[PDB]
Structures are given as structure tokens and as C-alpha cells.
Amino acid sequence: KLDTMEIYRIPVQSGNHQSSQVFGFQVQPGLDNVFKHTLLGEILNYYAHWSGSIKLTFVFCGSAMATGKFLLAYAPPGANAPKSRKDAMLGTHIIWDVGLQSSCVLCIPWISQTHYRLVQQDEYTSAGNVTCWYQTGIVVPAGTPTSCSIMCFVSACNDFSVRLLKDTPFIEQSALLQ
Amino acid sequence: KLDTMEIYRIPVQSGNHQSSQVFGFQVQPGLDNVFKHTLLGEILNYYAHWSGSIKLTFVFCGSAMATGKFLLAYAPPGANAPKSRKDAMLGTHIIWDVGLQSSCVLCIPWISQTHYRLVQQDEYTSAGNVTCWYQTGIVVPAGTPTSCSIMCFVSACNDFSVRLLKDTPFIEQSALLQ
Amino acid sequence: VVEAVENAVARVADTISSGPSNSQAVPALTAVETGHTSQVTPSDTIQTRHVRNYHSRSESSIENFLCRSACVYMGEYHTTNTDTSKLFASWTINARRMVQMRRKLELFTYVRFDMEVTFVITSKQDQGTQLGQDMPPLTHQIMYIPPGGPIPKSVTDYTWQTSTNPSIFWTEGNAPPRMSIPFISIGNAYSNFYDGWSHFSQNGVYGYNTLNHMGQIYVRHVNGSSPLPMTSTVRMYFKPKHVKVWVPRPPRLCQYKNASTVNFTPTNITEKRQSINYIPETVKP
Amino acid sequence: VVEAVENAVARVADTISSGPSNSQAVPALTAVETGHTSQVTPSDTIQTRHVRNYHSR
Amino acid sequence: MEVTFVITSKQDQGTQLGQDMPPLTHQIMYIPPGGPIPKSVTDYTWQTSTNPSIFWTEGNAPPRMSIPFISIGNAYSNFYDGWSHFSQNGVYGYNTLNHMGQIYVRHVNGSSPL
Amino acid sequence: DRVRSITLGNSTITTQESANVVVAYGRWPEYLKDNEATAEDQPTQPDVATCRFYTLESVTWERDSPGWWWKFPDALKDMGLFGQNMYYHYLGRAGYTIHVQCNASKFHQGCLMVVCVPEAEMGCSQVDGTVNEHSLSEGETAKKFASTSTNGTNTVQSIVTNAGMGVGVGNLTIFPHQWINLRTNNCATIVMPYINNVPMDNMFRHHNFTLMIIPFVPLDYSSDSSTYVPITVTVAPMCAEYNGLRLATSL
Amino acid sequence: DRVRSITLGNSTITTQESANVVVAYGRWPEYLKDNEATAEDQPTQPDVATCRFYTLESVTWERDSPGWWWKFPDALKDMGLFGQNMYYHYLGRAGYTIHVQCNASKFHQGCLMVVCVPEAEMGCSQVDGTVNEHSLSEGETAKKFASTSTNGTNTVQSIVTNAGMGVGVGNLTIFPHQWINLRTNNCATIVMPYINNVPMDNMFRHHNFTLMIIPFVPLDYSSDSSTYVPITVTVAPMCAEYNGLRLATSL
Amino acid sequence: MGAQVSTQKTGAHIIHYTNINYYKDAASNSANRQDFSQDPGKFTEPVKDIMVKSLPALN
Amino acid sequence: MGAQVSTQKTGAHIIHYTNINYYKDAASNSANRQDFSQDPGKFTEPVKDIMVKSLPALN
Ligand SMILES: CCCCCCCCCCCCC/C=C/[C@H](O)[C@H](N)CO
Ligand SMILES: CCCCCCCCCCCCC/C=C/[C@H](O)[C@H](N)CO
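Protein chains in written order, with the numbering used here: chain A, 1 to 178; chain B, 179 to 356; chain C, 357 to 641; chain D, 642 to 698; chain E, 699 to 812; chain F, 813 to 1063; chain G, 1064 to 1314; chain H, 1315 to 1373; chain I, 1374 to 1432.
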């Protein structure tokens, strides 16, 4: 799926799927494959140090007759990633209710022992993980498609900053005239 | 005619010659063979960029008993040069009536998308063309020469300027002591 | 102490807004027989909008036009030869041998300025069968001789004592030498053209060489060395400053022939085209 | 003559202290269809302490 | 803009080595569009009467000079979604708009049997 | 007193031998006011792309020439943006400045009448018939008056003495007019306002006025004087307005 | 808060399910001022004959549709008097209001991105080659993005993920844009000012901006819901100015 | 003598410097490294009607 | 100490510089690049009687 639009959609559906996890990834805004080629990631790869809070916005793109609620959770470093909704509910989380407003924001706050983290993150400057779970499930009437998709947007807050300029590893040539 | 005074005269005559065009040339004050060795052209060939309005003065040098009227027209770039008086009348023009005052001025105004044009003009910085046509024709009594000539003078207006000094391509040597 | 000096910026004229007209004012009708050039603007012949023009005529002033360095002379000289006249270079001072600067100067009849002079000296090895030696840095001497001073006969002549003549000593690998010269002429301004003679009987020498008389330059190697011969070339560059010029002239059309005269071969006025109506078509699919 | 030129330093925003809430204000509900990016900070979604931030961009 | 040049030299691989060479001098000339073009290293055009040039010799600091904003437009253009001819053909894209001259560089010594 | 200059848009006319300027009935052209309008949509006013001098093609004045006429509008329907604004709208309105040029030497003689006739309705050479529009107008080319009575079908009865309207040609001085007398002047100028019984009208359907050029004293000259003497017309619209934008009509 | 009305010239658009209006960079269109002009002749300003909504032809959103693009100007060169004023002048200048409509029922789903990209320079499917203008634009007809890598000569490399520009398609949100989410709204509106490095320009030679419509979530529906779902674009120029009147060019 | 004195970049929790211009053209001056302005609303909030952020976006 | 401070050449739509003279002769000073005067009427209008430009040239 690396060259199709399907790379951007998160799948959800109706029925009893509470034991299944929706999505999960690490918080490495310049290192993880999930974040490295976005606007924020592309700007961070010119620098060595970063600091600040990060905004993730989620938009539901199903029919107007579908209903559901989700749990969005962020866990700080120090443990392994949660394996169930009961574990994930213990960290920083929000419960999203789908309705006339289509979008919900999960704000990841700066919780760190150092003032800055490395753009090339190691185990010492790790930042945690994010996971999503069904809070109730998706309910639809007859005559509607069962499967739906969710999309996710990333951006930086107003306390964000970077330092220590460097060259980026994403562009390269083997000879002049290129 | 490149080494005679005939190079300076524009020929006109009496009779039915309305379908014939009098003269026409491009507006390239430092590039065209028509303008490059005049005072204005010689000054412009020391520079790379020019801007401003241009004055063309026309003087009728026939007998005192000859009468006539001419149409002097300037067309902006974007189309081919006009092939008839009806096409030429649609651009910027003036109707010259020959009389006790001998001279008429056609002012070419600065109409350009950029602030400056190149002295070495290309298709991107083209400036248009100028053409002349019979508005009525030349009428003379008996005992007068039929053929007459017109002369044209060029100069720059008070909004004109140049920049980016360079060496001129009109002078050269093959060894010292020259 | 500090003194504030004000600089007036000079921009071109704005064009004013103009509307339709029907009257007896005829700005476009003139007469060139008077020797007068018409002062008409676009706003006198068409309808115009108001434009605020910020363009400046700063790079077309005489000082910015003439204040650049140009080559005026190049010459060669050896360290070892069998002629003893090729061991030093010498020439008479003028600006008539390189055509670019001299055509630029001849746009005016009279000129007055100070000068900045720079020299660029290079050396090279003469082609021999056996190569290989280490040579110490070379030193060069440049002497200016005003008219009437004694003339060197060799590279060991007493005249290089330079007791009163100004000289420059220089060694290779450093910045190029430079010095400034004031306005030195027995007249009130320099003359680029002289339509006259040297003798009162209307004969003798005609034209420019009658009036210049500004001395000579001599250049030599100081080391007096080099069992294997070397060759140096010297180039001289002029740069005028604090300029004033009078009586403009039409630019030179024909090519130059020699440095003394204004002699020329007849040339055309321009190149030809097809006919008096010819237009190149450029809008074609 | 000497002229003193002033340079304004520009730092990032401080985070303010925030407590529990139960109301009709919904800062976390938005709509991306408008083309607008949400201006929400951590103090709108969790409880925060006051921090004086000295970082500069 | 601020422009800097870094020039280095080296010996060409030959069977017989060994010679002492004096310091080398280099000339850099900038030619704005429309100026004459050199044909060789002894062409008259290196007179540089009106073109700006730099003369430099090896072993010194690298040469440097500053250039103002030189474009017939109000700002430089990195992308141009257009053509050069009014018939919507010809040259497409960036090369239509730049036209900022050329650089020529030579040795001044005219030397070096090796 | 004889020199004149007229500027409109990006065009200018100079003259050194003018008589004066005729303003048709003492009224200069102007835009439509609010207490005289009936159409409700906002009108367009191009104001320099349409209000400028356009030159037609010239005619040759010969020793036996009866005269010429043009119809306005429909002589400017292929002229730049004036013609394009004519093709896309239902209603238009404009005044005009007309300038006729004809020069000759002090050894020539002749006299021309230049007259503008509003609502010049013409008759057919067959009295039991009707006219068509090709016989009335050829755009920028002139129609030619005749020397005798005309016959055949579909042509306009064009003997000069009746001016093709059933009147005496010597009475046409009731309309706005001037004379070109070759010993006196070399140009005529008339400024015409909008004249109609309704405030706006369709410009393809209705000819607002006809321009007539009729020589009363023929052209004469002697042994080796110039024989070719042309006449040239130049017209500029003024205070041009359009209403009722839709797709372009096709003739 | 969801109802909106926009009037320009003699045209009006109503909507009952709008999100908001995007003003490209906080700047509304306006006319050129005197201390920023370089061309000296008086410009023409038609002001209601050109500044009005023109509708292009519609496309069909299918279950597997990659997306569409248009180029502006050159998509309005045959639209009324805007196109005619484009053909007779050398320089033009205008801002725009864009309005995209697509409605569907509460049992459909899908999401579209509507984005305006200034100076969208595109690449050829042959890397050792150059593009031509037919592959860039078809006037009022849309070009179609592709589903995989394209090949053959003279066609544009149009796989949707790279947007034909060598970028990531998910980053196009840096430009002015909106979304049409079928459960939320049914129209998008963008107001674009004049954006260029020179104050005026020729409208046949230079494409000022490209309009892209790209579905991120495909269209889906069930048993007997409507299958035909069209998308429609409507564009209105604003503060339109022209300079340099001559004879009409011919493509 | 046309000297400018301005503050140096320091930390937080004697500190100024002097500059003289030597050349006639402003293109010869050194870079302007100490100007820090921002206007993000041009790219993040380009909407006609204002959005309060505590109110719903629609309705 | 005999310092001159004057404005630099800039654009339109901190900007001054300092100079000291080091030598005893004025021929050693740098060029005067910032003097912009004009008098074109000397070459374009060298006539005894004034010509108004809205009036005829003769008669
Ligand atoms: C040895 C150190 C000093 C080097 C000697 C250089 C002095 C040169 C004499 C100054 C002459 C400059 C003025 C001469 C140029 C001509 O007048 C111009 N071609 C115009 O007449
Ligand atoms: C010989 C001494 C002077 C050396 C000549 C250097 C002058 C170079 C010309 C200045 C060009 C700088 C601006 C050009 C860069 C492009 O615009 C950028 N890629 C963005 O368009």
C-alpha cells in the first residue's frame, strides 16, 4: 500500500470488535516512518533538537447515519505498550463521540526529563506511544455501507521550537547536473 | 543603399496607393538594425536593461503645394503585425495632417509586464511593432514633382532609464596599436 | 567629531492621469527645423493612468560610467638575452592602444580627472631542453620618467638610482601594485581631439600627438640572475575618478587603424533586411 | 557619535495552570472541512501546572 | 549574495617528475548576457575593461565578493508554469526566466612545460 | 487657430489646416442618467478599450466620382474590443467623433460635403420591391453613389441628386455637416451625440446614422500634377455602454 | 451559520450546507495602485461584463476515481467577454472566487480535497523529455490523474500519490484548500488574490494556478441508492484589468 | 563616527557589541540575524468568519 | 575625528556608513559615486525664444 491512497485511511467497521486494537504507533516526530515525511517531520529533519507539544486531529469519514465512540490514549515512556483497553485507559486519554462535529483533537503534552529531545531519537530520549480502541462500537441502519475509515492530521503547538541546524538525509546525488 | 543618403528617406507618391504599406519595423531600440547605430541605440548597447517611453518624430519634405494625411500606428505584442489599415487602426495610433507645421510626434508608451526589458531582446520581453499607411493620399497640382520623402527621428522621454553596465559589441581589435 | 552628509536621491518623473480632449492645443505638431527636440510625454497624446515611478538614473551618471579599470598596455621583457634592449620594457603614456577604453573616452571632446593606476605582472619559464632548478622570488622595478629626464640604456644604467623619479619595487606573490595620479596637464582640461598643427606655418605634426607629452614608463627585473632564461609580461590598468567632461560627440562607427590618427576605412550605416516593410512572424501554431 | 539599537527577544508562550471542568465549552471538537487548523493547547484538555518557558525560535 | 571561490591545483601524471614552478595566478571573469565570449586563453576579451574580474594567486585566502539583487522582476522565481512563446510552445519552465550571464576562468601564467 | 489636437484612449490626431469643430446640436455625448433609464442590470463601461480612433479603408477621388456612404454602427463591428462588446450584449449606446482627411496641393481644386444623417432610410431601384442589407452596407468598405438612374433588382436607387432618399441633395445642409474646400482646409471633424427615440438599442438591428461624402465641385488638375488623391475616414466612439450579457450572436 | 449567498455581476449562488470561506492568505483581490505600476497606458475595467460566475462542465465521481485538475487562466478563454478581453490585450490581471458543488444523500460516504496550487509546474512521464501544452490542459475539460505510473511519450506523469510534481500528496494542505466530507457539507469556496512576481502578465503564456480535486476516501453506497454523483465547478473573476490593446491573437 | 551598539545573544535563567559600516553599498553589509517576527495566522487561520475555539465549529 | 557619515544606496517600495580620509592629497580619495544632477535643456532646447509645446512652433 506504499503507493496508493489506502496508505492514509484507518479502517473501522460495525459488529463486535472490541478486543481488536484500531491503531498504534510511537511518538518519534522525525524518526518513525509514520511521521518522517509529513510537514512537521520534514522541517524537523533539518535540525538536531526539538521541544514542545504535538496536536493530532482525527476525522471520521463515514455515512451520516453511523454512530460510534472511540478512546484515544497516550502512554509515557517507561513501560511496554498497552495490550488492552483496560491498560490504555490509565494514561492520558480522551473519549471521542462521533456527531455533527466531525473532528476530535488529542493533544500530546511535553512530558520529558530534559528540555530537548534528539530528532534522531534513542532509548534515552524516548517519548512514548499512542493507541486507539473501540469505546462502544459502530452502529448503522439498513442500507448503509458497513466499513468506514478515519484520517489523522499532525501539527505543532505554540510552545514548539527546534535548534542545531544540520543537513537532511532525504536528498542525494551521484554526480553533478542533477 | 547601405552607404548612400537614400538609406534615410522613406518614399511616398501621389495616385491610388492605399493598399500599399508605407513602412514598418519592430520596437527593439538596441537590437534591430533600424535602431542600433543611432544615439539612443549606441547609448543602450553599453547597458543590459532599459525602461521608458520612446518618441518618434516624422517630417514631410515635399513641396509646399502637396497635401496628404497619414496614419501612424503602434501595436502591442501578442499578435502578428497588421496586414491592412483596418487591422492597424485598432492599436495606438495618430492621424497626421500635413500643413504649415511640418512635424508630427508618435509617442510609444511603456506598456510591459516587467519593470525592465533586455537590451538583447528575446521573445519574452518583446515590445511590438510600428506601421504607416495612407489615410487619404497625396494630392499635387501641375508643375510639381510627384514623388516625395519622409524622415524619422528617434529620442527618449523623461521617464527613461538604463542599468547593468557591460561592454559593447561594436568595437574590436586583433592586436595592440590600434 | 562626526559630520552628517546628505545625499539627494534623483528619480525619474511620474506620469499623471489624463482624460479625453477636444481643443486647439496641438502638442503633437512641431517643427524640427528650429533645432529643438520636442518635450512631449505619453499623457499628451493618449489617456493615461497615474503611476508613481521609483526608477533612478544612478548608473548612467558620468562618474559611475567611467570609474572602472581597463587595460591600456601590455609588454614583455627578459632576464637573459643577446640584445640588451629586450631586458627592459618602455613605452610612452597614453590611452589610445586598447580600443574599448579609448572609444569610451572619445564620446566627449574634453575630459578632466584624477587617475588610479594598477599593474599586473606575471612571469614564465622559457622553453629549454633541460629543466629543473629552484629560483628565489623575483623582484621588479617600475620607473616613471617625465619629459626631459635621462633615459636608461641598459638594465645596469646609473639612471635606475631613481633619486627624484618615482618608482615602485615589487615582488611576486603579493597583491598587485597601485597608486594614484592627479590631473597633470598644462591646459585646463585634457583634449581628445585637436584639429590643428604644431608649427605656425600650418604643417609639421597634425592632430593628437601635438598636445599630450606626458612622459614614459620603464620596467626591469631587479635580480640580474637566472642562468636559465625567464620572460615577464606587464599589464597596466587605468581608472579615472573625480571626473568632468564637456562637448559630447557621436560614437565612433568605423574601426580604428593606428594610435596616432583618426584614419578609417569607409563602413556602412547598418546591415540590410528584405524590404522596407519586412516583419518577422513569431505567432504561429 | 554612537547609536543604540534595541533587539527584541522573542520567546515561546508560557503554559498556564488549569483545573477540573464540567461545562458546555468543547475546545476539542472541531471540523477540518473549513480549512482551519485548531489552536488548542494542553491546558484545554488536561490539568496543567504553570511553567515559565524561556525557549526562543 | 556573497560569493566565495576555492581553487586547487595538482600535477598531471607523467613519467619524469621534478621541477620547481613559480606561484600560479588565476583569472575569473563574469560576463552578463550580451557580452563577447572568449575563444581561447589568449583572446582579446580577457582585457576585462568593463566586465568585473578577480585575479588571485595560490597560497592566499579564498577570494570573496558580494552581489546585489539582480533581476528584471520584483522577486526571483523558483517555479514557472508557462512558456516562452505566445503560441504556448517553445521552452517550458525555469530556463525561460533566469538569464543571468556566465563565468569564465583561466590560468594567467601561460606556462608549464609539464 | 488652424492647428488642432485630439486625444482619445491611446490614439491622437494632429492637424494643421482645420476649420473648426461641429458639435451636432450643441450637445456633447454623455452617459445615461438614473431618471432616464429603464434596463435594471448594472452596465459595463470599458472606457479606453472601446473609446479610441479606428481607421477605415480609403477611397480614391477621381475626376468623375459621384460619392460614398457608410452606415454606423455595423462599420465598426470588426474593430477591436468595440466589436467584441457589440457581439455579447443585447443593448449598446455610444456617441462618436468623426474625422475625414483629404490633402492636395495649391494647384488642385475641388469641394466635398461631409454630412451625418440620422435614420437615413433608403429606397429600392424597383419601386414594387424591398431592399436587403447587403445593398445598404458593406461594413468598412464604402457603397458608391451612381451617375444616372439605377435599374435591376435588389440594388438601391442611388443617383446622387436624390441622395437615395427622395430629397434634393442641396438641402442636406439641414443636418450636421462641414465642407472640405481644397484651397482652404484639408480635414473635417464632427462630434455626434446619441440620437434615438429610446435610451438604448440593439446595435446589429438598427443603423443609427449614415455618413455621406459628396463632391460638389469635381477634382481638377493640370499637366504633371499628382493624379492620385485619396480620402480617409477615422471614427472614435465616446461614452460607450452595454447591457444584457449573454452568449455571442452569429450573423 | 451554514447558509450563504454570493452575488457578482448578474449572477448569484446560494448554499444551505457550507462550512466557511477561505481567503487565500488573508488578502482580498484589489486593483493595482500607482506606486506599484510600470505600464503607462490607461487600463480598461469592464467590471460587470467580466466579473461574474462562469460554470465549467461536470465530471462523474466513480468508485475508483483518482482525481482531476484544471489550469487557470486558459480555462476561461472562451467564456463571454472575459475571453474576448483576453484575446485583444497583452497584459491582464485578476483575482478569483472558486465554488465547488457536490451533493449526496445521508446514506453515501466519501471525502474530497479541493486545493489551489500557484505555479504548479509538472513533469513528463519520460524523464529525458519535455511536456507539451495539450498534456497540461484541455480548456474547460478536466485532465485526469492516474492510478499507477504512466508511460509512453508526451503524457504527464500523473500517478496521484506524487500529484505530478514530485511531492507527497498529503502535504498539499500547505496551500489554500478545503474539504468536502459528504456527511458534513456539500460545497467548497476559495477566494484567491492575484499572486505573481510581476504586477501584470500575459494570460495565454503563463498559468497562474492549478485547481486540484482529489478524493481521499472513495465513494461508497449500498443496495439501491443513487449511483450517479456529479461534481461541478464555478469560477468568477474579480478586479479584472487589461493593458496593451492591439489586434487579436490567434492560437 | 556612525557606530552602532547593540545587545548580544545570551542565555536566561559587557553584553553589547559595536559595528561600523565600511562600504558605500548596502549589499556589502553583514546579515540581519537578529529580527524575530511571526505571523502564523496567515497560514493556519485563513477563514472569513472568526472561529472562537470554545464554541462549536458549525451549527 | 573628521569622520563622515552618509546614507547608503537602498531600494524603495543601519542604512548609513562611515568614512575617514587617510592621506594628505585629495587625489587619494575614493570616487564621488553619489552625485546625481541633470541639465538636459542645454542640448535639447538650445533656442533663443521659448517654445511652449501646446502652441504651434511657427506662425
Ligand atoms: C611609476 C609610478 C607611477 C606610474 C606612472 C603613471 C602616471 C601616468 C601619467 C598620468 C596620465 C593620465 C592621464 C592621461 C590620459 C589621457 O589624457 C586620456 N587618454 C585622455 O586624454
Ligand atoms: C567575477 C566576479 C563576480 C562573480 C560573479 C557572480 C555573480 C553571480 C550572479 C548573481 C546570481 C545570484 C542569484 C541567482 C540565484 C537564483 O536566483 C536562485 N537559484 C533562485 O532563483
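Backbone N, C-alpha and C define an ideal beta-carbon position, used for all residues, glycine too.
Beta-bridge analysis with DSSP links residue 1234 of chain G to no other residue. Shown here, residue 1112 of chain G sits in coil according to DSSP, grouped into three states, outside any helix or strand.
The three-state reading of DSSP puts residue 874 of chain F in coil, since its state is none of H, G, I, E or B. For the C-beta of residue 773 of chain E, the chain G residues within less than 7 angstroms are, from N- to C-terminus, 1260. An exposed status is given to residue 1363 of chain H, since fewer than 16 other beta-carbon atoms sit within 10 Å of its beta-carbon.
Under the Cβ distance rule, residue 1172 of chain G counts among the residues neighbouring chain A, one pair being separated by less than 7 angstroms. Of the heavy atoms belonging to ligand 2, at least one sits nearer than 6 angstroms to the Cβ of residue 701 of chain E. At a cut-off of 7 angstroms, the C-beta of residue 103 of chain A has no neighbouring C-beta in chain G.
When secondary structure is reduced to three states using DSSP, residue 341 of chain B falls in the strand class.
For residue 1429 of chain I, the Cβ stays outside the 6 angstroms cut-off from all heavy atoms of ligand 1. Taking the Cβ of residue 736 of chain E as the reference point, every heavy atom of ligand 2 lies at 6 angstroms or farther away.
By the Cβ rule, the stretch 115-135 of chain A counts as touching the stretch 5-23 of chain A, because three or more pairs are nearer than 8 angstroms. Judged by their CB atoms, residue 1153 of chain G and residue 254 of chain B are nearer to each other than the 7 angstroms cut-off. The shortest C-alpha to C-alpha distance from residue 1005 of chain F to any of F/840, F/886, F/831 and F/934 is the one to F/840. When 7 angstroms is used as the limit between beta carbons, residue 411 of chain C is near these residues of chain B: 229 and 339, in chain order. According to the DSSP assignment, residue 908 of chain F belongs to the beta strand (DSSP E) that extends over 901-913. Per DSSP, the unbroken alpha helix (DSSP H) holding residue 88 of chain A starts and ends at 85-88. Separation of residue 303 of chain B and residue 258 of chain B (C-alpha to C-alpha, rounded to the nearest whole angstrom) is 15 angstroms. Every beta strand (DSSP E) stretch that sits fully inside the stretch 56-113 of chain A and reaches 3 residues is listed by chain position as 69-75, 92-97 and 103-108. Here residue 324 of chain B is actually not in contact with residue 317 of chain B; their C-beta atoms are around 11 angstroms apart, not less than 8 angstroms.
In the three-state reduction of the DSSP assignment, residue 1401 of chain I falls in the helix class. Remark: fewer than three beta-carbon pairs, one from each stretch, lie closer than 8 angstroms, so the stretch 1068-1085 of chain G and the stretch 273-289 of chain B are not flagged as touching. Separation of the CB atoms of residue 351 of chain B and residue 742 of chain E is rounded to 6 angstroms, and the pair is thereby assigned contact status at 8 angstroms. Secondary structure at residue 1318 of chain H: strand, using DSSP grouped into helix, strand and coil.
Cβ contact annotation for residue 859 of chain F (same chain, cutoff 8 angstroms, sequence separation greater than five): 1052, in chain order.
DSSP, reduced to helix, strand and coil, places residue 898 of chain F within a helical segment of the structure shown. Not one beta carbon of chain H lies nearer than 7 angstroms to the beta carbon of residue 750 of chain E. Nearest CB-CB separation between residue 1383 of chain I and chain C: not below the 7 angstroms threshold. Residues of chain G whose Cβ lies closer than 7 angstroms to the Cβ of residue 407 of chain C are, in chain order, 1097, 1100 and 1103. With a cut-off of 8 angstroms on Cβ pairs, the stretch 1117-1129 of chain G is not in contact with the stretch 1032-1048 of chain F, counting fewer than three such pairs. Residue 392 of chain C carries a coil assignment under DSSP once its states are collapsed to helix, strand and coil.
Below 8 angstroms, too few C-beta pairs join the stretch 798-812 of chain E and the stretch 384-395 of chain C to call them touching: fewer than three.
DSSP, reduced to helix, strand and coil, places residue 1223 of chain G within a helical segment of the structure shown. Classified as buried, residue 1137 of chain G has 16 or more neighbouring CB atoms from the shown chains inside 10 Å of its CB. Taking a Cβ-Cβ cut-off of 9 angstroms, residue 1292 of chain G has no neighbours in chain D, whose nearest Cβ is about 18 angstroms from it. With a minimum length of 3 residues, the unbroken runs of beta strand (DSSP E) contained wholly in the stretch 31-56 of chain A fall at 47-51.
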